[PDB]
């Protein structure tokens, strides 16, 4: 059946606002984590975040007619999509085409705008204080709605949401649409705002790191024995998924082919992973792939329970004969809705540039990871096939396998 390739990428993250900045950070093993005064001021225990530091204010980067409908998740996704379109070399007639779609999601929509609106409604500002653009800022589908219009998308247009797996499921579904022969191009990705309004929910459940506020760059430390929760982050990412013959026909640059996609459910525990659903997810994505997995960008968020469940799943699939492993979250933080596309992009850059980004802050490796091929220093290596895992709350799992395209 039809094959899908990635021909363009765009990204706004805690370690870079475009692929050049991100590539440099990945090669340097640079942390994007910083102290979050906003969180301290809000009364939270976690005072660290993977913040997006844009070059200018959004009003100076995006047309006001487009910007008036957006929450930060949409701003990030939009900037990422502009980059991806430029990178892909697509013309307006290919971006706006009956066979070109958009599948982009957010894990949380926009609690900041939602709260701003509800606060205004409870003051004399009333309905005028809410404003007429709140629906696109606050609804769950905001990120797809805010992008479909400005780019004049004519194909599919919707959001997939699934916590940490959100944008991984978006990319996988783009593969499915290409496989079904329904679309030739699908812009897939996600966005996530960074705010105390949403972050406090995670802190209230004890999911966030709180013991490293004085040394922010050391807080996120996947697979380290002294990890104490993830570091919340924001951002956006977009990849241009394209049917193979269509990409070849126009002379597109092919980063990789999406050769595997797994999507499963744990059917147990509402907040932490069970490992068994993760095992099936990895196995499903590896089905039919006739090459070994050279590198894997783990889900590994730096939580005590979560990291261990994933390691157990990895051992069930590969024993100690694992692919090279690193958690980029140790550097970037957990960007929730944007995590899947961010990590797919980090993996594509490692493939394109022949290197493995280090898994930082591992002072003492968790015993469950002993024996595995954990990379802790930037390593040059020819990577052919890569895998990226995304296991979100509610027991939802996604795994993508990508491979260099053989001309």
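Residue numbers count along the first chain shown, from 1.
Remark: stretch with higher mean C-alpha B factor among 341 to 349 and 377 to 385 is 377 to 385.
Taking only CA atoms, the mean B-factor in the PDB entry is higher for 133 to 141 than for the other of 133 to 141 and 180 to 188.
For the set 331, 174, 305, 281, the PDB entry assigns the largest Cα B-factor to 305. When the C-alpha B factors of 167, 209, 74, 149 are read from the deposited coordinates, the top value falls at 149. Remark: residue 261 belongs to the lowest third of its chain, ranked by C-alpha B-factor as recorded. Looking at the C-alpha B-factors along this chain, the one for residue 93 belongs to the highest third. When all modelled residues of the chain are sorted by CA temperature factor, residue 119 is found within the highest third. Annotation for residue 111: CA B-factor lies in the middle third of the chain's modelled residues. Ranked by Cα temperature factor within the chain, residue 78 sits in the lowest third according to the deposited record.
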